[PDB]
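Each ligand, and each atom within it, is numbered from 1 in the order the structure gives. For the numbers below, each heavy atom of this structure counts, side chains included, while hydrogens, waters and symmetry mates do not. Quick note: residue numbers are just sequence positions, from 1.
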Amino acid sequence: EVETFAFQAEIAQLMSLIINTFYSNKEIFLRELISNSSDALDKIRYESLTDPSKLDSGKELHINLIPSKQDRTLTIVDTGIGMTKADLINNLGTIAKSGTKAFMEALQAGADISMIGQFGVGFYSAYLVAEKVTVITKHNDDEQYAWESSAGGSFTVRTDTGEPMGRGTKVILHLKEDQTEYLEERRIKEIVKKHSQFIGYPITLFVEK
Ligand SMILES: Nc1nc(Cl)c2ncn(Cc3cnc(-c4ccccc4)o3)c2n1
């Protein structure tokens, strides 16, 4: 079964701002997702120091960037700590409430959308370029789940029926029709060089066949 949920009110409001406000500097979404992956890799690496079995689901710690011009998707894959069902439905939204309110306040005071990561809600910058986001994720202590939202106030969670991940997270960006530049190998290279050239895990930009 597929379960459908309403976003926290502040988060639905934030998504509507992101999806609708005119802002040309959309490329910052990739830096934010890569930063999130780095944070998740940091966390499983840290936990493995006192419990090495936490890496039985996979010893490699890396980030992969996978464009698909055919599917019009850009996928960010990490082997980080992954997200639980409770993370997807409640916990990550709850911790984002105060940062979301503060961010939207700062936007009214003159801040820029590119500061979204400094408020801890950089995940939602995905909707600068994506009409729908699918998140496939697997935490050691939980099953593999698929989260999905096209904004509009709601999201779904279901147990994943795809191939097992071991552990980590795949963020699948279903790009807007006019945002296909983020499938170009040279555009992705430019963005990664510019924003996140100091990330401590191997980042591999897959080439299309
Ligand atoms: N890649 C990666 N991995 C891990 Cl474990 C993360 N934990 C937090 N974030 C950033 C984030 C902040 N809100 C979300 C979010 C994601 C899906 C559905 C609803 C909300 O994600 C992570 N990103």
Side-chain angles (χ1 to χ4, degrees), residues 2-15 18-19 28-48 54-55 57-58 60-66 73-103 116-128 130 132-160 165-174 192 196 199-204:
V2 181
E3 295 179 287
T4 304
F5 308 86
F7 283 107
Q8 290 262 350
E10 303 83 4
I11 295 183
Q13 182 189 344
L14 175 63
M15 291 175 72
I18 292 173
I19 220 162
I28 59 129
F29 80 88
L30 189 54
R31 164 189 78 207
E32 298 303 330
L33 297 176
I34 286 169
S35 169
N36 293 349
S37 294
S38 180
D39 291 350
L41 292 157
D42 285 350
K43 194 159 177 188
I44 192 54
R45 186 183 45 159
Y46 171 75
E47 293 191 2
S48 74
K54 297 220 182 187
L55 295 179
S57 50
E60 313 88 282
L61 301 177
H62 58 244
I63 304 165
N64 293 331
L65 308 181
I66 307 168
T73 62
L74 179 61
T75 303
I76 296 85
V77 186
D78 66 70
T79 50
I81 195 162
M83 288 171 279
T84 67
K85 193 174 184 196
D87 284 336
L88 297 169
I89 298 175
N90 192 219
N91 294 340
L92 291 180
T94 290
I95 66 177
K97 292 171 80 279
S98 79
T100 297
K101 174 184 183 244
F103 179 48
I116 184 173
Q118 322 188 23
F119 293 90
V121 291
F123 171 77
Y124 299 97
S125 67
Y127 289 92
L128 290 171
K132 178 169 65 184
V133 178
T134 302
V135 174
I136 314 298
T137 189
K138 174 66 171 74
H139 188 280
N140 283 330
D141 293 344
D142 213 336
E143 306 171 65
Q144 184 165 313
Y145 296 102
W147 172 105
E148 192 169 73
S149 184
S150 297
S154 72
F155 63 92
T156 66
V157 175
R158 65 191 56 118
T159 298
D160 199 28
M165 309 193 47
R167 184 204 63 253
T169 296
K170 290 183 204 164
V171 178
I172 304 166
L173 309 177
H174 306 266
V192 175
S196 271
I199 292 279
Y201 302 94
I203 312 181
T204 305

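When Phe123, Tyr145, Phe5, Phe7 are checked for heavy-atom proximity to atom 13 (N) of ligand 1, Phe123 turns out nearest. One option in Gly82, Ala96, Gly80 has a heavy atom closer to atom 5 (Cl) of ligand 1 than any other, and that option is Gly82.
Counting only distance, with no hydrogens or angles, the side chain of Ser57 and the backbone of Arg167 share no donor-acceptor pair below 3.5 Å. Using a distance-only test at 3.5 Å, with no hydrogens or angles considered, a donor-acceptor pair links the side chain of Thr79 to the main chain of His62. The main-chain N or O of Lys85 is found under 3.5 Å from a side-chain atom of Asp142 such that the two form a donor-acceptor pair.
The shortest contact between atom 23 (N) of ligand 1 and any protein heavy atom is with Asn36 CB, 3.6 Å. In terms of protein heavy atoms, atom 8 (C) of ligand 1 is closest to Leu92 CD1, 3.8 Å. Protein heavy atom closest to atom 1 (N) of ligand 1, with residue, atom name and distance, is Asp78 OD2, 2.9 Å.
Exactly one residue among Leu173, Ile172, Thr75 makes a side-chain contact (heavy atoms from CB on, under 4.5 Å) with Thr134. That residue is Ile172. Each of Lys170, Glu143, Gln144 was evaluated against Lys138; a single residue qualifies, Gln144, per the side-chain contact (heavy atoms from CB on, under 4.5 Å) test.
Between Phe155 and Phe5, the two ring planes are parallel [angle under 30°; tilted spans 30° to 60°]. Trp147 and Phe123 have perpendicular rings, their planes meeting at more than 60° on a 0 to 90° scale where under 30° would count as parallel.
Atom numbering of ligand 1 starts at 1 in the shown order; those under 4.0 Å from a heavy atom of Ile81 are 5 (Cl). Of all the atoms in ligand 1, the ones that sit under 4.0 Å from a non-hydrogen atom of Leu88 are 17 (C), 18 (C). Counting the atoms of ligand 1 from 1 in the order shown, those under 4.0 Å from a heavy atom of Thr169 are 1 (N), 3 (N). The ligand atoms of ligand 1 that sit less than 4.0 angstrom from a heavy atom of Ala40 are 3 (N), 4 (C), 5 (Cl).
Counting heavy atoms closer than 4.0 Å to ligand 1, residue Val171 contributes nothing at all.
Checked by distance only, ligand 1 and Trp147 stay at 3.5 Å or farther apart across all their nitrogen or oxygen atoms.
Distance CZ/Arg45 to NZ/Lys54: 15.0 Å, rounded to 0.5 Å.
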